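# Remarks on the overall topology
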Amino acid sequence: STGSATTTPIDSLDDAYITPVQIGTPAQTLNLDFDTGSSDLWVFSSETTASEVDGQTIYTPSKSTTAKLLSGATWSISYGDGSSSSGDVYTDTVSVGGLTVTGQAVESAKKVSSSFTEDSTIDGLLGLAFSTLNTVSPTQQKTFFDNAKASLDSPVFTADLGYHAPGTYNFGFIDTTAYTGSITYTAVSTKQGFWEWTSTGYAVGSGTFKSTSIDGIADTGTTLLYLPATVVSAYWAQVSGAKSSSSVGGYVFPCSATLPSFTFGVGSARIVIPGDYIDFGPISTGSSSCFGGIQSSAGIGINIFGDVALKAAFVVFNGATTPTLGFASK
């Protein structure tokens, strides 16, 4: 089997991408944030505290003839940005882009933190990291991809995120028309539960490539590119007037600036992030200070190849027995 679904930016900045997901019978379609940095499929629901729902579409398990309470199971997750959610668990039929999994754990939110409530466009998350990170207790549950894997034509999914445009998540096949050149594959460590890999270096604009190992994670659920402070300083030093602002929470730059590209290495291959992808616009409405899309990871503990980086590539998440990542230009 295969599946193919369009993923759409939630706003004009590409802050996140939503993909329609069919849950239950008859289908209830919710727009989920596919997140290769986490491993829970959780949804706003008829159980979510009413004051914490503000425009999201909810899953109502009582209206699904295939929903079954997973007795005794609870979940609770905290994300790298400080947001969180928790609740109970149903199993139900879940379909993405024509690919159907029966018995998928659907984690129904009883509580969500304010950032989720305030984002009316995101009805939940669909985690695509390794199932070892799934938070369901006392019986950890498998991700949608893990459940689908054996049925797929090939045990892979691909992320093709658009810049200011829709893109595609495919399951079970590699669309050879969706990228240019060849796909360069690179080793993955699953020791932390992430799609963790090592970039071979970077360049700023037309500058020389610096060969240096940068361990990080491919994370579709993180907006920005978070790299070591040395790398980030070297990038922003090429933008007149850019500076790190403690009050804003990162590097800002004059909105009048033209940003240089940023290149990262994948083996001997190179992925170029155009400068425009690094502009996240005014820090507040009407400001001439703009927020940068490359930020320091120093306070995180891990480097994160988020959407800013991934949307410059066609990315293969190869879930074979020994997983690997593939990157192609497009």
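Residues numbered from 1 in each chain as written, not as in the entry; some residues may be left out. Heavy atoms only, no water. Residues with missing side-chain atoms left out of burial classes, pairs and counts.

In its metadata, the entry names X-ray crystallography as the structure determination method and reports 1.0770 Å as the resolution.

Overall, mixed pairing links the seven strands, which are arranged 18-17-12-13-22-14-21 in an open sheet. Each end of this open sheet is capped by a strand with a single partner; those strands are strand 18 (269-273) and strand 21 (294-296). Averaged over all pairs of adjacent strands, the angle between their axes in this sheet comes to 45°, without regard to strand direction. As paired elements, strand 13 (residues 210-218) and strand 22 (residues 303-305) share three bridges and run parallel to each other. For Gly216, the partnering residue across the bridge sits in strand 22 and is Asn303. Lying over the sheet, helix 3 (residues 229-236) contacts strand 12 (196-204), strand 13, strand 14 (225-227), strand 17 (262-266) and strand 21, oriented at roughly 140° with respect to strand 21. (Pairing = 2+ DSSP bridges. Helix = DSSP H or I, 4+ residues; strand = E, 2+ residues; numbered from the N terminus. Axes fitted to C-alpha atoms, helices over the stretch in contact; angles between N-to-C directions. Contact = heavy atoms within 4.5 Å.)

Here we take up the sheet that holds strand 15 (residues 243-245). Within the open sheet, the four strands sit side by side as 15-16-20-19. Their pairing is antiparallel. A single partner strand is all that each edge strand has here, and the edge strands are strand 15 and strand 19 (279-282). Strand-to-strand twist of the sheet, defined as the mean angle between neighbouring strand axes without regard to direction, takes the value 40°. When strand 19 meets strand 20 (residues 289-292), the two strands line up antiparallel, connected through two bridges. Note on strand 20: the bridge partner recorded for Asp279 is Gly292.

What follows is about the packing of aromatic side chains. Summed over the entire model, instances satisfying the criterion amount to 25 aromatic pairs. A centroid spacing of 6.1 Å and a plane angle of 10° characterise the contact between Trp236 and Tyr251, whose relative ring orientation is stacked. One end of the pair, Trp236, is in helix 3; the other, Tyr251, is in strand 16 (residues 250-254), and 15 residues separate them in sequence. Like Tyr251, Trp236 is buried. Here the aromatic rings of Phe264 and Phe327 are separated by 5.9 Å at their centres, their planes lie at 85°, and the arrangement is edge-to-face. Of the two residues, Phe264 is situated in strand 17 and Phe327 in strand 24 (residues 324-328); the sequence distance between them amounts to 63 residues. By relative accessible area, which is 1% here, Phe264 ends up buried. (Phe/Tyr/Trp six-rings, centres within 6.5 Å; stacked < 30°, edge-to-face > 60°. Buried < 20%, exposed > 50% of the residue type's maximum accessible area, 1.4 Å probe, protein only.)

Take the domain arrangement of the protein chain next. Per the domain assignment, the segments of the protein chain are domain 1 (5-174) and domain 2 (175-330). Put simply, the middle of domain 1 and the middle of domain 2, counted by C-alpha atoms, are 25 Å apart. Taken together, the contact between domain 1 and domain 2 spans 30 residues of the former and 33 residues of the latter. Secondary-structure elements contributing two or more residues to the side of domain 1 that touches domain 2 are strand 3 (28-35), strand 9 (156-160) and strand 10 (167-171). (Domains from an automatic or database assignment.)

Taken as a whole and assessed by the stated rule, the structure comprises one disulfide. A sulfur-sulfur distance of 2.0 Å marks the disulfide that ties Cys255 to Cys290. An S-S torsion of about 110° defines the bridge between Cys255 and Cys290 as right-handed. With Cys255 in the loop between strand 16 and strand 17 and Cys290 in strand 20, the pair connects residues that are 35 residues apart, well separated along the chain. Residue classification places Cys290 among the buried positions, given a relative accessible area of 3%. (Disulfide = S-S within 2.5 Å.)

In this structure, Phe171, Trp236, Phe262, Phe264, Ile273 and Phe327 are the most contacted members of the largest nonpolar core, which totals 73 residues. Counting residues per element, this core draws most heavily on helix 3, at four residues. When sequence neighbours within four positions are dropped, the list of residues in contact with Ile273 reads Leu225, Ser261, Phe262, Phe264, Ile278, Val308, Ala309 and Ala312. By size, the runner-up hydrophobic cluster in this structure holds 17 residues, among which are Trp42, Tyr79, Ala109 and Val112. (Core = buried A, V, L, I, M, F, W, Y, C linked by side-chain atoms within 4.5 Å.)

This paragraph deals with unusual backbone geometry. Residue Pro26 is bonded to the preceding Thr25 through a cis peptide linkage, with omega at -10°. Checked against the element boundaries, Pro26 lands in the loop between strand 2 (17-23) and strand 3. Across the junction of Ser137 and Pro138, the peptide omega takes the value 5°, indicating a cis bond. Along the chain, the position of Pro138 falls in the loop between strand 8 (124-127) and helix 2 (144-148). The backbone of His164 sits at a positive phi, close to 55°, despite the residue not being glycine. Position of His164 relative to the elements: it lies in the loop between strand 9 and strand 10.

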